[PDB]
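Enquirer: PDB entry and its sequence, pasted below:
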Amino acid sequence: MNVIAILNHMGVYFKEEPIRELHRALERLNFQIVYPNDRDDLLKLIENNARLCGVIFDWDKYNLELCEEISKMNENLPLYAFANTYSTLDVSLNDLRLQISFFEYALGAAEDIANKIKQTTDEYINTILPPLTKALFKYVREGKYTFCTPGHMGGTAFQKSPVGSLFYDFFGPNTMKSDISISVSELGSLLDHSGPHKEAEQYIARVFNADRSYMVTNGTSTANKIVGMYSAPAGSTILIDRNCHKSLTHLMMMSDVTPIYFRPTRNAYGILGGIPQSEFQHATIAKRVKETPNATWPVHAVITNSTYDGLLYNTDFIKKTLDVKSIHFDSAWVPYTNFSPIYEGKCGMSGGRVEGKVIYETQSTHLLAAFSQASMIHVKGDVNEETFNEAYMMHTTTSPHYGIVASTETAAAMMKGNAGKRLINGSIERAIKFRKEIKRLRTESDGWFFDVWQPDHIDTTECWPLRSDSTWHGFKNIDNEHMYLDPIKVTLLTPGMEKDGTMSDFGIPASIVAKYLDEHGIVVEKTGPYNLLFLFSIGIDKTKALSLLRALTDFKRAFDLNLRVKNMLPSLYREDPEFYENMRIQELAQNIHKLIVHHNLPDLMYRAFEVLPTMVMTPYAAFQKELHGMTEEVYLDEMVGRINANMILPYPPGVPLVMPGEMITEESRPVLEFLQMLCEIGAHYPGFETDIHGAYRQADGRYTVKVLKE
Amino acid sequence: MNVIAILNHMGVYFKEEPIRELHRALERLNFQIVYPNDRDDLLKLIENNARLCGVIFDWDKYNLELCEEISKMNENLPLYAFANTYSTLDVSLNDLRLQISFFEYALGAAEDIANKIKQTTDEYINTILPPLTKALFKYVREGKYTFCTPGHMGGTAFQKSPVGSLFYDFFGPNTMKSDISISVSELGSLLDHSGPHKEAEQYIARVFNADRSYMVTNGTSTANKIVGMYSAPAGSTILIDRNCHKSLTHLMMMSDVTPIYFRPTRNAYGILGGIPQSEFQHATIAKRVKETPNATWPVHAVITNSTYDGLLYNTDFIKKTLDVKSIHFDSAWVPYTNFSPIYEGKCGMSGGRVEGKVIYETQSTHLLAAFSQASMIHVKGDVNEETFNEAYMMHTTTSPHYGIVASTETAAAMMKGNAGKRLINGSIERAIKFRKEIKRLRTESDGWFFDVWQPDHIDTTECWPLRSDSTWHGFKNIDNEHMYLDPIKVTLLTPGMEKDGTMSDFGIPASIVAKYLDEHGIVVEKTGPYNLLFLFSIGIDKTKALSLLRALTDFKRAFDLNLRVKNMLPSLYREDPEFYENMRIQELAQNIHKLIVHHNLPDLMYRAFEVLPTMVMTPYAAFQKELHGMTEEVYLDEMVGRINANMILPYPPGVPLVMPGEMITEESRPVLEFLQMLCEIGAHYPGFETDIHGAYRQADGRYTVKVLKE
Amino acid sequence: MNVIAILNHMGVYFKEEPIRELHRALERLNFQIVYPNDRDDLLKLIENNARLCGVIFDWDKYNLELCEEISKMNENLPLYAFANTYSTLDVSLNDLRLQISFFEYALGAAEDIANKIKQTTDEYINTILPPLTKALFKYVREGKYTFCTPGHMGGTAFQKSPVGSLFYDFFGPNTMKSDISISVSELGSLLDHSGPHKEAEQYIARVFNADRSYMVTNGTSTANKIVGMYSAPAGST
C-alpha cells in the first residue's frame, strides 16, 4: 500500500515548486506516486483501486466539488488538503464525518510531513485492522522467543530438506510464521474465549446481530453435532426437515432419537417448494405425533431457511406458529440477510428476541468469502452459556490452525460498514443486467434460445413474490405471500420441455452443456436433465459474465452447426474413439434425448420421489447391528422386502432415496425402478455412466448393496 | 534452488577457458555460482546447505577421493564430471547407486549443456516430489479454469478491500492459491481415497510399515472417536488406561460403555511407572471383570505406549499376554520408532501381524514436524475396510484445507530415506553431548548444580534399561527388562530434595526458573515443583543449546547474587509493586520454599493421587441428567458426599482428580485436602495463583463446582 | 512472434496509468510493443503483418466499429478488450465466432495477466499447428534420448570437422535436429500410416475433398509408377 495520487498543474510556480519538492521527497521516502488523468478518473481510481491510499489536492480547487463525493466512497481515506488564506469551513460540512489532515505549502516540512503521512497511514491501518490479527501480525514482525514449540520454529524444520524447502518457498514465510500456538499468551485463547478472543466474539456478535457467536473451524458439520448432543437427549422427539445433510444422519446414528419429518412440496419442474403452513400448525403436528410410536411433543426442530431456490419464510410466522421451544434455522444459504433491507422479516436473526424460544442459525460462511470448513453458530436466546462450552470443548480439536481462524475473522472485517454494503449491491446490479441481456437475446436470436425462469417484470429491486394466481413459476397450489425469488440465484433452462411440463420434440440435455463448459474450464454448481445453476457472487466480475455470456452463445452456435464430437469434445472422444469417431454433436444430443423420451425418464423421476420408503427400524438400531457384523451384501434387484443397511444416495437428483432401516415395497416400487432404470440407461454411452453412492457396480452392470442379516 | 558450486583452478588454460565460457553462460542462464574453499568445505557445504544442488569437478582430480563420500551424503545429488581420455570406471564402483551425467570440456555446448542441467534438475525434482503435491503445484503454476468456485478465486475477493489486501499480502499468493476444492478432478479425492490419493496412502503405509493408513486433519482427538464409535458398541466393556485424554471423556459421555482401568504405578519422585505385568495377566483382569457390575470380557483395550518418561513396553509381551482381540496403542509419544534399530521389539508396528488381533497406533504427528491437528491412524490387522470408511465419512469435515493435508504429507517426504535417518541421529548426538556437559559443570561448578536423572554410564547408544537392582531411577519394586530411558527426553532436576525423596534445607522451586525463562522467551514443556522438561527435537540446534546452557548457568549465577525481583523480573514486579519493591530473588525463593515445607506440600500431593475417588454413576448417566438441567452449583468445600457434575482438573499435576459421577468420601479426603490446600497456599503471592479448570474462584478465594441435583 | 500493438491516448489518467503499468510489465516480460498510427493503420498492419499477434483496445471506443472488421481478417487473433461498467454484448454479435479474453484496468494483475497472455498465445499456437509437427517441435525442444541412432546425433558428427562446422552453422541447428527417424515412436509411422500420421492423412483428405490421400516424397514421377504397376498389368491396353 504505497501508491499516492496527485491530482494537478495549478499554473503558478509559487504552488508548484513546493509540490515538486514534496514529490521528490516522497519518492525518496519510498512512496510510488500515481497521477489520475483528471477529477473523473480519480473518483474511478478510488472506486476501482484499493492500493490507492491517499489524495493530495488544492482545497479551494476541489472541496465544494469533492467532499461529499469522496465521503460516500470511503470516510477514512487520507486527504492531504493544501489551504489558501481565505479557505474556511462552510456550515454544510457539519454532518459529514471526515478524517482530514491540513497542510501548508512550505519548504522545510518535507521530512516532517512525510513522516506524518507515513505515521498517519500506520495510525489508520490500526483503526481498520481487528485487534487479535493486529497483535499476531505485529508478533510475526517483531517477536523473538526461543526455547519454544512448535519444533519447526517458523518453518525452520522444512529448510533442512530440499523437498521441504520447495514447499516452504512455494507457500512463503507468512504462511509458515503465522502457524502459531497458545504460547503467544497475549492473544488470549480461543478455547477459553479470553482477552482479544473475547473482543473478537463481541465484534462478530455486534455486526451479525447475534446475542452470542462461536467460531468453528471444522464446518457446520461440527456445529450441528455440538448443538445436537447438547440439545437432543436420547429418547427425545425432534422435528427434522426431510431435506437433511449427511452430518445429521451421522448424528442420528449416534443418538437414540425419534424423528418426525417436515415434508417439502414440489412442482412439475421438480423445484422444491416450502414446507406448507399446514406442517407448522398444531393440528398437523399433533396428528404426526399421534401416529408416531414413542413420540412425545417435539423438544427441538431444524428448518432450512431459505429454501434452495430462494423461497424465504415469513420468519415472523414461523417463530409465532411453531410451538417448539428450540428452533434451529440451518441458514447455510442466506448468510447475508442482515445486510440488505429487502430481507427484513425474512431471516432468522431479523428483529429482536423470540419470547420463550431459543433460535439458532448455523451458517456455512464458506455464499460469503472464507476458507472451507469455516462455520458460525449464532444464538438468539438463552442457554446455559458456560455448559454449552463444555459440550463445545469436548468436540473441538486441540490443533487449531490460526490461519483458518484469521481467514474467517478477516472475511468479516471485509464486509464491515458501507463499502461492504455497496459490494453486494454491485453483484445485484450485474445479475439484473445479465437477466435483461438474456431476455433481449431470446427475442433477437435465431429460433430457440435459453430462457430465464422469472416473472415478466423485474425492473424493480426486491425479492419477487410468488403467488397462487401466477403461472410463471409452474408450482401447483402455492401458498401466497410465502416464497420470493432471490435475484442472485439464477436458474437457466435448456430446451426440452413445454410450458405444460410435458416433453418437447426438440431437446438438448443439460449434461452436454456441462461437458462443453468443462472443456472451457467453467464450473457448474448443479445440473439436472434440463437445468443449470449459476451463482452471481461477489467473485463474478464483468469479465467472467462476458466470457460466460459468449460461451453460452458459442455452445448454441456450435451445436447448430453440428460439429464433430471428435472436434468439439476431444477428451470425450478419447474415451471411446470408435463409438465417437464420426458422430456429430447433434446426433449425440438426439440419441440421448430420444433415450430419455423412450425410457420415460422425466415421468419416472418425478414419481420416484413422490412417495417414501417405509421405516422399519432407525438408522441407529441398524448401525448397532452393523457394529456386530450383522450385515450381508445382496444385489440391488434383491432388496425389496429386506432391511437396508447403508444409505443409498443416487445422482440424480442428489438426495437420499433409502435410509439404513428402510425397506422398499410394491407400494413404493417406483423408487427401485428409477434406480434400476438409471443403471440400465447409463450403460450405453461412454462418459455418461450411472452414479450411486453406496452401490457397487459389477462387471455385468449389476449393483450390490448391504442389508441387515436375519 | 539455483546455487551451483565450482570446486577449481586446474593450472591449464585448455581446461580453464571452457570452464570460464561455462561460468559466464551459466550466470547468463540465471544460476548463482558458489565456490567452496576446498574439498573439505565442499563436503561441509553439502552437509549444511540444501540449496546447493550440483557439483562440477574434474573426474580424475576427485573421483577416487570423493565418490563414496558424496554417495553417503546424497545419492541423487547432481554431479557434473569433466572427463579425460584415460578416465574409466573401476570395478569398485559396482555396488554404488550413482546418478551421473558425463560432460566434455568443449566450446559450443554451453546453451545445450545449460538446458540439460536445467532440464535434469527439473527431472530430479520430479523424482523427489510426491505425486499429488506435484500435480497441485503444477496446477497452481499453469492452470486457468473459469466459472469456478470457491468464489474468491485464488484470493481475488480479498483484493477488493484494503484490510483483505493486507492479509493477502502478508501470507502471500501461494497460501491463497493452494486453497482448492475437489473441482481439481485430476487429484482424485481424499474422501473416496481415489487416484493420486490412493497412491499417497500406499506411499505412507509403505514407509510407516502399516497395512493401511488414514490421513486425519482434525487431530488424534477425531481419530479416537472414529475408532471408538466403530469399535465400542453400547453396553460393551473396554480396558482403558486411567491415564486418559479429555477426548476419551467426550467419547464416554457419548457412548454407554463400562470401563475397567489399567492402573499405572508411580515412584517417590512422582514419575509414572508402567502398568505392571500383573495388570495384563488373565488372573488380574478376571478379578476386575468379576468385581465390576455388568462387565463382560473386554472387547477393546487402549494402552499408551510408551509411557511419558520413556518406559517402552516389550510390545511382544503385550501382544502375546493381553487376551483382547482389539488393541489400540495411542502411540502419540513415539512416532519415530520405525526409524532407529534401537526400538526393535518396543513399538506397536514392529515386526509382522499379530495373529488373531487388530492392533492400532493413533499418532500425533504434530514429536515430528507437521501442522497442529495432523494425526494418523495406522492399522495392523483386518477390519471391514469399506465399512470403516462409512464411519470415517460420518465424522469427517466437508471443508478440507488442502494446505494442512500437504503439510502432513510433506512431513513424511522429509523423513524419507537415509538422510531422514541421519537427521534424527544428529539430535541424539547433541542430547548425549549436552548430557555430558551437565555432568562436567556439576563437578566444576561452585557448590550446588543441576543434575541429570540418568544412569552412571551413558557412553553407549541405547535406551538404557531400568532394573529393580538399580537405585538411580528412584522407583520402588520395578519390573525388570521392562522400562528404558529415551536419550532424547531430558528431565532436569532443580535443588530441593535429597536422595531419599525427603526435603532439603535448601530449595529452589522450579516455578521460579519458569518465570526467569519467560523473560528470556524460552518455552518450558512441563514444570513440577522441582522438575522441568526439555525436548531435544530436530528443531533444537547448537545455537539454542548454547543459549539454553548459558541461560541456565546465568539463572544460577543471578540467583546466587541475590538480585532484586524488581530488576530480574520486571513484569512480575508490575503485578504488585509494593509486595515486590525491595524483595530479592533469594527471599522470594526462601519464602515460597518455606511455605512448601510448612504446608507439607510434597507429602500431600503424593498421597492425593495414591487413592481413587468412588464412582457412583458413569459420566454418561450424569450428563443425561445435566442435559435436562439437573445440576446445581455448590462450593468446593461442600462436595464430599455429593455426586460431581463436572470433571475437576487441577494444575498441578495436570491430570483428572474427580470425574462426573464420582464422589469424594472420608476414605479419599486427601483428594479434597490437596485441592483446598492449593487454593489456600496460592493466595499469598501475586503471580503465583491457583489453577483449577471447572472451578470458579470467588472474591473471597472460595471455589464453586457443579453437582447433580437430587 | 512477440510484437504487441497498442492502439491509444484516452485522455484520462485513471485509464492511462494502468496501461503504463502494463506496457512496462510487458516489456519486462519480453514482449516488443508496437504502436499503429491509428485505427486505419492497425487494420493494414494486421492485413500486412503476420508477426503482429494481439491487439489491446478500449472496448467502447472500438468494438461497434471493429468487431466484424477484425473477424473478417482473422477469427482467432487475440483481442485484449478493456471494459467499462456499461459495456455489454449486443445481439448483433450472435453469429460471429470470437475468441475473446476480457480484462479490467487494475493494478496488481500485471504478472498474472502477462502470464495469461503468454499462456493464451501458446494455447492458440497449439490450435493452429498440426498434430505431428507439434510433437516433433516439442521433441526437439525438450527430448533427451541417449544410445540412439542416427550416429550423428543432432548433427554432432558435423562439429568434429571445420568444414562440417561451416555446413552445420550455415544451415543451423533446427535443420540438423529435425532430421530424425522412426525411433521417435510417439509420432507413429509414415509407412504404417499409424498414430499422428493417420490423423495427418485424415486432415489432408478432409481439406482436399479426397476419400484417401498419400504423402509421396519422391515427386509425382514416383506416384505415377506406384499407380501404374498396381493398375496396368502386362498385356493390357
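Expert: Everything's here; your move. Residues are numbered from 1 along each chain as shown, chains lettered A, B, ... in the order given.
Enquirer: residue A:651 is in contact with residue A:528, correct?
Expert: No - judged on Cβ atoms under 8 Å, residue A:528 makes no contact with residue A:651 at a distance of 10.4 Å. To be clear about C-beta, it is placed using only N, CA and C from the backbone, and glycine gets the same treatment.
Enquirer: who has more neighbours out of those two?
Expert: More crowded of residue A:528 and residue A:651, by other Cβ atoms under 10 Å in any protein chain shown: residue A:528, with 20 against 12.
Enquirer: quick check: bridge partners of the more buried one?
Expert: Counting by DSSP bridges, residue A:528 is bridged to residue A:531.
Enquirer: how about the contacts made by it?
Expert: When contacts are counted by Cβ atoms under 8 Å, 6 or more residues apart in numbering or on different chains, residue A:528 touches A:270, A:510, A:652-653.
Enquirer: same question for residue A:124.
Expert: Residues near residue A:124 by Cβ under 8 Å, 6+ apart: A:76, A:78, A:99.
Enquirer: switch the cut-off to 7 Å
Expert: A:76, A:78 (Cβ atoms under 7 Å, 6 or more residues apart in numbering or on different chains).
Enquirer: chain C contacts on chain A?
Expert: A:34-38, A:40-42, A:44-45, A:48-49, A:51, A:437, A:440-441, A:444-445, A:541-543, A:546-547, A:549-550, A:553 (Cβ under 7 Å from any Cβ of the partner chain).
Enquirer: most surrounded residue in the contacts of residue A:528?
Expert: Busiest of those [other Cβ under 10 Å] is residue A:510, holding 21 neighbours.
Enquirer: how about the nearest residue to residue A:517, chain neighbours excluded?
Expert: Counting by Cβ to Cβ, 6 or more residues apart in numbering or on different chains, residue A:517 lies nearest to residue A:524, which is 5.9 Å off, once chain neighbours are set aside.
Enquirer: part of a helix, is that neighbour?
Expert: No - applying DSSP: H, G, I helix; E, B strand; the rest coil, one finds residue A:524 to be coil, outside a helix.
Enquirer: give me the number of residues near it?
Expert: Residue A:524 has 16 neighbouring residues, counting by other Cβ under 10 Å.
Enquirer: picking up where we left off before, mind checking which of the residues of chain A next to chain C are buried?
Expert: A:34-37, A:41-42, A:44-45, A:48-49, A:51, A:437, A:441, A:445, A:541-542, A:546-547, A:549-550, A:553 (16 or more other Cβ atoms under 10 Å in any protein chain shown).
Enquirer: and chain B, which of these contact it?
Expert: Residues of these in contact with chain B (Cβ under 7 Å from any Cβ): A:51, A:547.
Enquirer: out of the buried ones among the residues of chain A next to chain C, name the ones that lie in strands.
Expert: Among those, the members falling in strands (DSSP state E) are residue A:34.
Enquirer: which residues of the stretch 551-700 of chain A lie near chain B?
Expert: Proximity of the stretch 551-700 of chain A to chain B, by Cβ under 7 Å from any Cβ, involves residues A:624, A:626-628.
Enquirer: so which of the residues you listed comes closest to residue A:427?
Expert: residue A:626 (46.5 Å; Cβ to Cβ).
Enquirer: CA atoms only: put stretch A:133-148 into PDB for me.
Expert: Extracted C-alpha coordinates of stretch A:133-148, given in PDB (Å, rounded to 0.1, in the frame of the first residue of the first chain):
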ATOM      1  CA  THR A 133      -4.900 -10.100  13.900                       C
ATOM      2  CA  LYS A 134      -3.100  -6.800  14.600                       C
ATOM      3  CA  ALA A 135      -1.300  -8.400  17.600                       C
ATOM      4  CA  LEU A 136      -0.500 -11.600  15.600                       C
ATOM      5  CA  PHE A 137       1.000  -9.700  12.600                       C
ATOM      6  CA  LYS A 138       3.000  -7.500  15.000                       C
ATOM      7  CA  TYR A 139       4.300 -10.600  16.700                       C
ATOM      8  CA  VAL A 140       5.400 -12.200  13.500                       C
ATOM      9  CA  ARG A 141       7.200  -8.900  12.500                       C
ATOM     10  CA  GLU A 142       8.800  -8.100  15.900                       C
ATOM     11  CA  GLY A 143       8.800 -11.100  18.300                       C
ATOM     12  CA  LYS A 144      11.800 -13.300  19.100                       C
ATOM     13  CA  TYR A 145      11.000 -16.100  21.600                       C
ATOM     14  CA  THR A 146      13.500 -19.000  22.000                       C
ATOM     15  CA  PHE A 147      13.000 -22.500  23.600                       C
ATOM     16  CA  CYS A 148       9.700 -22.700  22.000                       C
END
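Enquirer: in it, what counts as buried?
Expert: Across stretch A:133-148, burial judged by 16+ other Cβ under 10 Å covers A:133, A:135-137, A:139-140, A:147-148.
Enquirer: quick one: distance of it to the chain centre.
Expert: Counting by Cα atoms, centre = their mean, to the nearest Å, stretch A:133-148 is centred 33 Å from the centre of its parent chain.
Enquirer: who's in contact with that stretch?
Expert: For stretch A:133-148, the surrounding residues in contact (Cβ under 7 Å, 6+ apart) are A:126, A:177-178, A:183-184, A:186-187, A:196, A:406, A:409-410, B:170, B:517, B:521-523, B:544, B:547-548.
Enquirer: so among those residues, which ones count as buried?
Expert: A:177-178, A:184, A:187, A:196, A:406, A:409-410, B:170, B:517, B:522-523, B:544, B:547-548.
Enquirer: need the max-distance pair from these.
Expert: Across the buried ones among the contacts of stretch A:133-148 (Cβ to Cβ), the longest gap, 36.6 Å, separates A:410 and B:548.
Enquirer: next, the nearest residue in space to residue A:71 that is not next to it in sequence: secondary structure please.
Expert: Leaving aside its sequence neighbours, residue A:71 sits nearest to residue A:96 (Cβ to Cβ, 6+ apart; 5.3 Å). Secondary structure assignment for residue A:96 (three-state DSSP): coil.
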